[PDB]
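Every number here is computed from the coordinates shown, using simple stated rules; none is lab data. With ideal geometry, Cβ positions are generated from the backbone for all residues, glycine too; neighbour counts draw on all protein chains shown.
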Amino acid sequence: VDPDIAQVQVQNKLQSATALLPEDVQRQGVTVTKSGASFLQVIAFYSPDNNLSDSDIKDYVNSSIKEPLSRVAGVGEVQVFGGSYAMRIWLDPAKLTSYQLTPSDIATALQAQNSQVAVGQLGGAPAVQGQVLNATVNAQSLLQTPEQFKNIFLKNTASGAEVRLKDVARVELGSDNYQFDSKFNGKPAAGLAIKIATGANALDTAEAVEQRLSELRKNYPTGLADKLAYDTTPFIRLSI
Amino acid sequence: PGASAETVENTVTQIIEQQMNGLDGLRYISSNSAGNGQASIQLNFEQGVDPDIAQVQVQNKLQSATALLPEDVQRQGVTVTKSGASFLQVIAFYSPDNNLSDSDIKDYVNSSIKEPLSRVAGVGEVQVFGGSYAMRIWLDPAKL
Amino acid sequence: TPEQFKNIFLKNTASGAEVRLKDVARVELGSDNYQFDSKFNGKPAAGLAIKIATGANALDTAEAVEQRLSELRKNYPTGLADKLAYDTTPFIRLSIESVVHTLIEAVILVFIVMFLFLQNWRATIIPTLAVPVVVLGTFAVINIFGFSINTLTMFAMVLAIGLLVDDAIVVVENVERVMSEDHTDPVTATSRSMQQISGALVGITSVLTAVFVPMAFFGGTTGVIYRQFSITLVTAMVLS
Amino acid sequence: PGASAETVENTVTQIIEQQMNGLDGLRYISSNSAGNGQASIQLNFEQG
Amino acid sequence: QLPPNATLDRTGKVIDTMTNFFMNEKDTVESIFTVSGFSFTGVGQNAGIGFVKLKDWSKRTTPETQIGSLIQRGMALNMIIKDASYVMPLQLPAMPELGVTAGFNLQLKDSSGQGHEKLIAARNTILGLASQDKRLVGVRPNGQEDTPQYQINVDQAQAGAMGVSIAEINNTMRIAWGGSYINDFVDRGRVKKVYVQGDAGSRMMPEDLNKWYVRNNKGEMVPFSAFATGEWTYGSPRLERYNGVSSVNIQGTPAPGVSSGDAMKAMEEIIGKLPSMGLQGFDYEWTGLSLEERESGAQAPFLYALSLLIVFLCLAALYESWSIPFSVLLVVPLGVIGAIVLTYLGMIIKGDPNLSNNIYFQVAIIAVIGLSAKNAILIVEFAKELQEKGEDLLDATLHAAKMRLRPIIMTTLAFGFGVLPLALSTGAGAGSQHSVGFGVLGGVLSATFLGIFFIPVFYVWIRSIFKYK
Amino acid sequence: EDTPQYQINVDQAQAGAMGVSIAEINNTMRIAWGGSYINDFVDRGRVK
Amino acid sequence: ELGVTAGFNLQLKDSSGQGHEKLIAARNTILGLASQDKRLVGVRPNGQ
Ligand SMILES: CCN(CC)[C@@H]1C(O)=C(C(N)=O)C(=O)[C@@]2(O)C(O)=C3C(=O)c4c(O)cc([C@@H]5CCCN5)c(C(F)(F)F)c4C[C@H]3C[C@@H]12
């Protein structure tokens, strides 16, 4: 049975169950993948001097190394075990009771505040006679920093005082998942796996990855090293 | 929507673009990110590649990529089309004696002459250069 | 109707006055899209641009488009007319027809060369009769393998006329000489002539088929062009 | 569910058939909208 | 193309000056269809396109009524219409499937990562250098150009205090300044759309924002002015990427007497000056038809070599020798000389950029090799037979040449008369026909006047070195 | 293998006297103990 | 695969948007003349 045809049939059937899925599940997104090539090699990105945390490196591989490695010839797929940062708000139950607030209120204040405004264009299509200029109106309204998140408005006290997010919660940039601890050699670590592409020489793809990696090490954050935790190329070279 | 050419690029463009790097038979990729919020990615395959099967492949790569898209982008939908290079024909509809108006002409080509031709054998794409009647409500800010 | 949208009820004010849609807005039947202004000969017009599907004959698609339009015109409103502003199909036909004119011209010119050398109607006719069989047969073989009639296939047929008459010419040139030397009958000479002529016949065919065979193997767009010439040429030479 | 045939034609069937263009091999499209709330659009393709 | 931030109305004024010109070129022009707001490169109020249908090829025989004559006169539009950035008339590609317009397409890649500004600086050096090369016509950036934008900044803090949601402001401002499709009505049995948007006077200028109000949680009306402010900014309307790297597309056309390859080589030389001038770290790639041009020229040396080899090996198997296949191979240059010579002279005399090394020329050379080989086999096969029958080599070679001459000339001349029609074609498709014809015809002529003499001589030489039996 | 787990048991009637609504109780806990993903934000050009 | 039952199938199609009651009116006129014509036998409306 042709693999591609099987995957597309499944995704198409999947389109008929999504409305019936819980909003939250839908929000994360549901993925369909297929069986295929084995991993040629896994590279472990680790901090020898304990300078960087796991969250930090998984984020670095994700924002930096994943895409340059994908364009390397022969690489069908690049997978990273890991994820980036998330903004985290941890709430004191007591501090909330003090100001008559409930977790839901904090949620409502966080949906409104963190939004992207969309406006339109100055000229406009059915424009007035004698319009000379058309431009684009854009509004920057999203929040990017932790401090912006802590100043978010919640309520005004009877005294007229201001209760913001900082008052009832601790706001930090933190990990997306706390479920897994990954290390290489007792040191914080993250892992990236390479899958060879169809109709390819692994021996040659492997050499190409090595050379791309060579260029990216120069721009590494302080304290990062890269080494191989898995390699299958020695087997194949030896067998030939 | 509401995003700059630079956010459309890092958020949507490059993320979609990296998923499609390992596709079989891909000659080259060209991409565009625009200030209106629109992103476009064109993929060119090598002679020999069946177009029907290549379409099923891109779509299979995109199901995982859509997750990593921002939520407002997923909400607006992501479109995958087999694409052509040049128009074979451009047909003009017009009034000689001006006994018919353009809004009327444009409506008749969108309601009566477009779908049948788009469904003519071998046709593929059909673009319209006029519009269709719509109910337009134009608000006064003051009176509101 | 737009009146029903003007009577939409919105609110009541404190006085108790009803606020309907007309009060806050103007309602009109307008347009879905206000983006483009299209004109034909400087006058208002609408247009339909058609981009053909992959894997299809432009000529055939064009006829179908027009045939559907023939049925559509009967139900047209009184003012409507339609013309083709941009059509590429006419050149394509004129290009196809030009080459067929060239083919006919070449056959006539080759006949004359042969007549100038052969000098007998009887001698000249035999090589000439080969041309209908070789060309008709090649067209047949090529359609078994899915090659259409196009400029490239047709250029190859024109290139082949001087080439496919060679075996025939090398046969009758000799029978004719044999006879003027030995004064033998048409059948005796032909059998003798055929013994001396055969080594040459196989050799000429072999060279002429082998030069054109490596082209078909080359891939890419250039390969698609090369294989039109090589299937036609190779088929023609074996047939000859 | 609960819909009139007219409501299924306006709200459901027409919206869908409008997106049904650009299909390789399409001989014809036939559709039905009914009082039991159901719409069926059948698409017939040419041989091969 | 018009200047940045242009209105649809300003674009329609230019398309009218353009349409008047074509509608007045009566001898060569039948019709025009125009769309303002649409372009292949992008949709914007500034963009525009026109489809011009010329008169029947029959009615256009004079030089003035030719296609390039039209294009050159229409290139005066750039100078006439001051407002527009560019007004460029462009021919279709030979195979329109492979492109929109003929010419060259290139991508300048920022391989180093220097910038977007740096990249545009490079484009503009390349643009002015290309203006000053006489082998080039109409070099232009393809794509949108940097435009002034209007940036609105909303103070989140004051928004929180007045009590207006940033999410709500978006709702009020998305429906007001842009449109919103809400629901559907039926017109004549067909569902249409209902749109809500503000009136044109309200959405025209930055000051018009002040006319709109947003309701707070207390239910009051708060001016847009209270929570936001606007500044005019400058930026890129659209960013382009080629193969994972940021790029710019540059498209142009060869000048009237120059070939496509020559224009391509001129551009690459210009890019070479980029480092010396001071912008370094820039790379380029070819795309579209130009990519393909590059690739086809490349495959030709391998094609010629492989074809020569198959002939050589087949001859050995057929004739059980190694020496004789070499004698037939040696005569091959004689035919190929005429082919290149007619093409080059022809181009010079005829003034034709089309008569050059192209795919059609390559098919012709293959044909010439087969012709030369065929001519050589006829003399040589017969010679070996006589030698095998006891004749001494010189006598046998000489006898063969006389016996096989009339046959050889007659066949060679018929291949020549066959391609004379291709060579002298005046109709649609003539350029392709000529490319094949001249190459084949030249080879015929050289083979007949030089190759025939050389076939006996090389055979004698090889056979003397390696004696039969 | 099966493992020990913990069940909260909410009395609607005690809550009713208090005034509290069931879905309010349910919502509190989902966010408090469970956690919630509200919306995306941009940091360094990547949406998180 | 074929439910036609060896009967000519005619799809009276309202292409001018006259309406359903007008489409039915047209059908009624067509079915009258058909019954009258000797060549045509058993021409029946298919739906409801
Ligand atoms: C994002 C959270 N999490 C991140 C921790 C991952 C995630 O949860 C997903 C999912 N649900 O999709 C998974 O894939 C995962 O669960 C999984 O399957 C793993 C493995 O099995 C695995 C392996 O087989 C071999 C190696 C290599 C081979 C050579 C040396 N060791 C490694 C490696 F060490 F590199 F990390 C792993 C890691 C996890 C990742 C999980």
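Is it the case that some residue within region E:198-209 is more than 30 Å from E:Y284 (Cβ to Cβ) and either part of a strand (DSSP E or B) or touching a residue at least 60 places away in the same chain (Cβ under 8 Å) (or both)?
yes
So which pairs qualify, if the first residue must be in region A:205-216 and under 22 Å from A:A37 (Cα atoms), the second must be part of a helix (DSSP H, G or I) and of a type in the set (S, T, N, Q), the Cβ gap must be under 7 Å, and the two must be at least 6 apart or on different chains?
Filtered contacts from region A:205-216: A:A206/A:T233.
Would you call A:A206 within 16 Å of the ligand (Cβ to nearest atom), small (G, A, S) and outside any strand (DSSP E or B)?
Yes: the conditions hold for A:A206.
Taking the residues in region E:59-83 that are in a helix (DSSP H, G or I) and hydrophobic (A, V, I, L, M, F, W, C) as candidates, determine which candidate is nearest to E:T426 (Cα to Cα).
Applying the filter and picking the extreme gives E:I67.
Among the residues of region E:348-375, what is the count of those that are in a helix (DSSP H, G or I) and in contact with a helix residue (DSSP H, G or I) (Cβ under 9 Å, 6 or more places away or on another chain)?
Counting residues in region E:348-375 that are in a helix (DSSP H, G or I) and in contact with a helix residue (DSSP H, G or I) (Cβ under 9 Å, 6 or more places away or on another chain) gives 18.
Identify the single condition in (1) part of a helix (DSSP H, G or I); (2) within 41 Å of the chain's Cα centre (by Cα); (3) in contact (Cβ under 8 Å) with a residue 60 or more places away in the chain that E:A428 does not satisfy, given that it satisfies every other one.
(1)
Name the pairs: first residue in region A:40-58 and on the phi > 0 side of the Ramachandran plot, second residue of a type outside the set (S, T, Y), Cβ to Cβ under 7 Å, at least 6 apart or on different chains?
Every condition considered, the pairs that remain are A:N50/A:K187; A:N50/A:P188.
If I go through region D:18-42 residue by residue, how many of them are surrounded by 14 or more Cβ atoms within 10 Å (Cβ to Cβ) and within 19 Å of B:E125 (Cβ to Cβ)?
Residues meeting the conditions: 7.
On the given criteria, is C:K39 more than 7 Å from chain B (Cβ to nearest Cβ), under 51 Å from the mean Cα position of the chain (by Cα) and over 26 Å from E:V191 (Cα atoms)?
yes
Looking for something assigned to a strand (DSSP E or B) and touching a residue at least 24 places away in the same chain (Cβ under 8 Å) - is there at least one such residue anywhere in region B:107-122?
For region B:107-122, residues assigned to a strand (DSSP E or B) and touching a residue at least 24 places away in the same chain (Cβ under 8 Å): absent.
Can you tell me how many residues within region A:177-201 are more than 15 Å from the ligand (Cβ to nearest atom) and either within 14 Å of another protein chain (Cβ to nearest Cβ) or within 21 Å of the chain's Cα centre (by Cα) (or both)?
Counting residues in region A:177-201 that are more than 15 Å from the ligand (Cβ to nearest atom) and either within 14 Å of another protein chain (Cβ to nearest Cβ) or within 21 Å of the chain's Cα centre (by Cα) (or both) gives 5.
Pairs needed: first member in region A:140-154, under 16 Å from E:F227 (Cα atoms) and touching a residue at least 24 places away in the same chain (Cβ under 8 Å); second member anywhere, crowded, with 22+ Cβ neighbours inside 10 Å and among the hydroxyl-bearing types (S, T, Y); C-beta distance under 8 Å; at least 6 residues apart or different chains.
A:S141/A:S115; A:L142/A:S115
Quickly run through region A:86-120 and pick out the residues that are within 30 Å of B:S30 (Cα to Cα) and more than 9 Å from chain B (Cβ to nearest Cβ).
Matches in region A:86-120: A:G120 only.
Residues checked against (1) buried (at least 21 other Cβ atoms within 10 Å of the Cβ); (2) more than 7 Å from every other protein chain (Cβ to nearest Cβ):
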site: C:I149; (1), (2): no, yes
site: C:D182; (1), (2): no, yes
site: C:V211; (1), (2): yes, no
site: C:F218; (1), (2): no, no
site: C:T222; (1), (2): yes, no
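For region A:71-90, give me the residue count where each residue is surrounded by fewer than 17 Cβ atoms within 10 Å (Cβ to Cβ), away from the ligand (no atom under 16 Å from the Cβ) and of a type outside the set (G, A, S).
1
So which helices (runs of 4 or more DSSP H) stay within region C:160-236 end to end and still have 1 or more residues that are in contact with a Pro (Cβ under 9 Å, 6 or more places away or on another chain) and among the polar types (S, T, N, Q)?
C:166-182
Taking region B:86-102 only, how many residues are among the hydroxyl-bearing types (S, T, Y), facing chain C (nearest Cβ under 7 Å) and either more than 29 Å from E:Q91 (Cα to Cα) or touching a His at 6+ places or on another chain (Cβ under 7 Å) (or both)?
Qualifying residue count, region B:86-102: 1.
I'd like to verify a number: residues in region A:41-52 that are touching a helix residue (DSSP H, G or I) at 6+ places or on another chain (Cβ under 9 Å) and away from the ligand (no atom under 11 Å from the Cβ), how many?
Of the residues in region A:41-52, the ones touching a helix residue (DSSP H, G or I) at 6+ places or on another chain (Cβ under 9 Å) are A:41, A:43, A:45-47, A:52.
Now narrow it down to the ones that are away from the ligand (no atom under 11 Å from the Cβ): A:47, A:52.
Residues meeting the conditions: 2.
If you take just the helices (runs of 4 or more DSSP H) that sit entirely in region C:1-92, which of them hold at least 2 residues that are within 20 Å of B:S111 (Cβ to Cβ)?
Here the list reads C:58-73.
Would you point out the residue of region E:434-469, among those that are surrounded by fewer than 24 Cβ atoms within 10 Å (Cβ to Cβ) and of a type in the set (A, V, I, L, M), that is farthest from E:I349 (Cα to Cα)?
Once the filter is applied, the top-ranked residue is E:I465.
Tell me which helices (runs of 4 or more DSSP H) are completely within region A:1-99 and hold 2 or more residues being touching a strand residue (DSSP E or B) at 6+ places or on another chain (Cβ under 8 Å), or say none if there are none.
Correct list: A:54-60, A:66-70.
Of the residues that sit in region E:177-187 and are facing another protein chain (nearest Cβ under 7 Å) and touching a strand residue (DSSP E or B) at 6+ places or on another chain (Cβ under 9 Å), which one is surrounded by the most Cβ atoms within 10 Å (Cβ to Cβ)?
The qualifying residue surrounded by the most Cβ atoms within 10 Å (Cβ to Cβ) is E:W177.
Given the condition buried (at least 19 other Cβ atoms within 10 Å of the Cβ) and farther than 25 Å from E:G437 by Cα, answer yes or no: does some residue in region C:115-122 qualify?
Checked region C:115-122: at least one residue is buried (at least 19 other Cβ atoms within 10 Å of the Cβ) and farther than 25 Å from E:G437 by Cα.
From the list A:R237, A:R217, A:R170, A:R164, exactly one residue is more than 15 Å from the ligand (Cβ to nearest atom) and either crowded, with 18+ Cβ neighbours inside 10 Å or within 14 Å of chain E (Cβ to nearest Cβ) (or both). Which is it?
Criteria check complete, one pass: A:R164.
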